[PDB]
There are 4 protein chains.
Amino acid sequence: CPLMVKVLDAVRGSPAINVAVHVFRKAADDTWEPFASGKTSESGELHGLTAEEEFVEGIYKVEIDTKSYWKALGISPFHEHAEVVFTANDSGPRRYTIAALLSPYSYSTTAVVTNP
Amino acid sequence: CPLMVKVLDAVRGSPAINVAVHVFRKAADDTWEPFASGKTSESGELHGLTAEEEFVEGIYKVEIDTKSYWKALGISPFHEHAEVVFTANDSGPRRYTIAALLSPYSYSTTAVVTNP
Amino acid sequence: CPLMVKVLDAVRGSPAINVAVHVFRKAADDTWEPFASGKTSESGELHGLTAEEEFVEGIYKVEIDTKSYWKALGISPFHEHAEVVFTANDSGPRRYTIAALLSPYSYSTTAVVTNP
Amino acid sequence: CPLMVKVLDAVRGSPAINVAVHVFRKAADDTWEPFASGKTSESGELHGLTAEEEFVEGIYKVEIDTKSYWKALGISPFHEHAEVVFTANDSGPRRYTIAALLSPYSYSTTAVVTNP
């Protein structure tokens with residue numbers, strides 16, 4: 001699975017379950033073209049994002065819907081969302097895990113890039 | 001100063017100097033209009049950012065050019081930038097600090113909202 | 001696995017490999033008693049630390065030898081190490097993942113605690 | 001001020017005010033000897049922790065009472081405290097800021113080592 005998104009909850013100290021996540025790919029004309037969509041699972045993971053789809057070289061945007069998540073939990077968050085924009089597969093095929101750690105007024109995002 | 005941006009470098013243990021930062025307010029036709037812009041100083045800070053009487057209520061995106069910053073030092077970072085998107089001044093004026101802490105493959109962002 | 005430790009390297013974007021980890025449980029007399037120990041694997045993980053029914057209620061301290069890790073890559077770090085001290089299982093025994101993300105001048109730690 | 005200590009709350013998005021910080025130095029015999037101590041202020045900062053005519057080369061430990069901070073707010077946190085341990089002024093004179101960013105189940109810490 002070459003694109004994996006994992007989200008944790010730093011207030012509850014757990015997986016962030018059912019977070020909307022939309023991946024996009026910057027097309028040849030400089031506009032973001034949908035690429036994959038998802039809701040995180042019981043373990044805060046979102047798998048098979050390139051099933052049926054080519055994971056080609058390019059610029060990707062993983063957009064995590066943190067506002068909905070915190071609002072569904074009765075909290076008013078600071079951010080509308082958490083976006084992670086990066087170039088994929090520029091030096092060859094890689095496997096990517098984007099981890100997001102969440103609080104209402106704060107997030108962190110790391111990328112684990114491993115060579116297949 | 002009602003909107004400050006502050007940047008640290010987690011690798012070197014110091015402020016992040018000369019980091020380009022571009023702020024945009026979302027326009028009603030639902031697109032991002034230039035709002036202000038600048039470079040962090042010697043203390044990693046950016047002040048006097050709000051273009052005249054313009055810091056109205058609205059959706060803001062602060063974009064930090066972290067890629068140029070790591071590339072100026074010879075490092076090859078994960079991200080193209082770090083965008084922070086938030087609604088500002090919807091329930092009466094506050095002062096906003098956007099703190100960003102930077103690593104080549106990771107960053108962290110926090111809003112410290114305080115009351116006039 | 002009821003006590004697990006994940007370390008990640010935020011400079012390189014990968015698991016932190018071969019990092020020395022030492023757990024301790026606080027004793028009857030309020031001193032720290034050697035409990036388990038390990039070095040993180042290829043995936044930056046350290047497994048079979050506790051042994052389920054060997055994991056009592058108490059205060060544990062996970063220490064991560066972050067200093068050697070950075071000096072073994074030719075970097076000179078800030079911290080001597082990173083410690084994590086938590087109360088374990090004071091309730092209906094649960095699984096603990098302690099995740100640590102590393103950088104020379106900074107680290108961040110998170111607990112994922114799940115009902116088995 | 002050769003040793004500042006700044007604490008932010010990532011849940012509420014404000015400084016963490018009134019936080020108990022206790023600082024130790026490792027003595028000749030390798031036991032932690034009390035050194036300075038205090039409580040963070042309206043800005044979450046803790047100034048006047050030490051005097052440059054007294055802050056000598058050695059290993060310090062900066063312990064921050066996150067548990068009482070979270071309880072005082074009705075929150076059952078994960079960690080007992082946040083311990084930051086580090087060697088100081090071994091290369092001569094420098095200013096140190098320990099920044100800590102708190103969530104009930106996570107925290108991150110960065111050292112900003114700047115020069116006289």
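Just so we're on the same page: letters track the sequence lines, and every chain starts at 1. As a basis for the values below, the full set of heavy atoms in this structure was taken, side chains included, without hydrogen atoms, waters or symmetry mates.
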Original post:
Where is the tightest heavy-atom contact between D:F35 and D:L49, given as atom of each residue plus distance?
Top reply: CE2-O, 4.4 Å

**OP:** Given side-chain contact (heavy atoms from CB on, under 4.5 Å), test D:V62 with D:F86 step by step and report yes or no.
**Re:** CA-CA 8 Å; D:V62 163; D:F86 63 97; 3.6 Å; yes

Original post:
Any idea which heavy atoms bring D:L102 and D:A16 closest together, and the distance?
Top reply: CD1-CB, 4.4 Å

**OP:** Please list all pairs passing the salt bridge (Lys or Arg N to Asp or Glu O under 4.0 Å) test where one or both residues lie in residues 104-116 of chain C, with sequence neighbours left out.
**Re:** none

Original post:
Which atoms of C:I59 come close to chain D, meaning under 4.5 Å heavy atom to heavy atom: side chain ones, backbone ones, both, or neither?
Top reply: side chain

At a cut-off of 3.5 Å, what donor and acceptor atoms pair up between chain C and chain D?
residue, atom, partner, partner atom, Å
C:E80, N, D:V85, O, 3.2
C:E80, OE2, D:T87, OG1, 2.6
C:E83, O, D:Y107, OH, 3.2
C:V85, O, D:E80, N, 2.8
C:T87, N, D:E80, OE2, 3.3
C:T87, OG1, D:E80, OE2, 2.9
C:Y105, O, D:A111, N, 2.8
C:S106, OG, D:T109, O, 2.9
C:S106, OG, D:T110, OG1, 3.4
C:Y107, N, D:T109, O, 2.9
C:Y107, O, D:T109, N, 2.8
C:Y107, OH, D:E83, O, 2.9
C:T109, N, D:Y107, O, 2.6
C:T109, O, D:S106, OG, 3.0
C:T109, O, D:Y107, N, 2.9
C:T110, OG1, D:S106, OG, 3.1
C:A111, N, D:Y105, O, 2.9

**OP:** Side chain from CB out, backbone as N, CA, C, O: work out which of these in D:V113 comes under 4.5 Å of a heavy atom of chain C, or both, or neither.
**Re:** side chain

Original post:
Which pair of heavy atoms, one from D:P2 and one from D:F55, lies closest together, and at what distance?
Top reply: O-CE2, 3.1 Å

